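Shown here is one chain on its own, the form deposited in one PDB entry, set out as structure tokens.
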């Protein structure tokens, strides 16, 4: 118990430099501050599930995931997928609090890093589609500091 519980915060953020798959799903593991990010063409229940399938392979199974009241997060589909995995689903607290700052900071840091890396490579606008995956993996690696 000496540590923090395994609770994630997940959201989607739009990054046109990564079009056609410009919807970035971002998960922060509040226990490690580790960040996992995947690319999606659309924000659907199935994109959220695919994102978490990847995050589970990378981080392990959390006890709970905190999102907002987004439809992709509150659909019957998504409710059932989390039940199948045994993962509790939670939401932001009270006390003039917003959704969840940590994953929001992560959105920003993530977008700044992609921008820095892309321009360094000579992409001032959209990143060529064949380069996007390696550049995203590089931004994730950097953010995770290791």
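Numbering follows the first chain given and starts at 1. The term rigid core refers to the most C-alpha atoms you can superpose between the two forms while keeping them within 1.5 Å. Shifts are known only where both forms have a C-alpha.
Unshown form deposited in another entry; subsequent notes refer to it.
Superposing the rigid core between this form and the one not shown leaves a single residue from 98, 33, 69, 77 with a C-alpha shift of at least 2 Å: 98. Panel note: the distance between the CA atoms of residue 97 and residue 103 is smaller in the other entry than in this form, the difference being 3 Å or more. Taking the core as reference, just one block of three or more adjacent residues between this form and the one not shown has all its Cα positions offset by 2 Å or more: 91 to 99.
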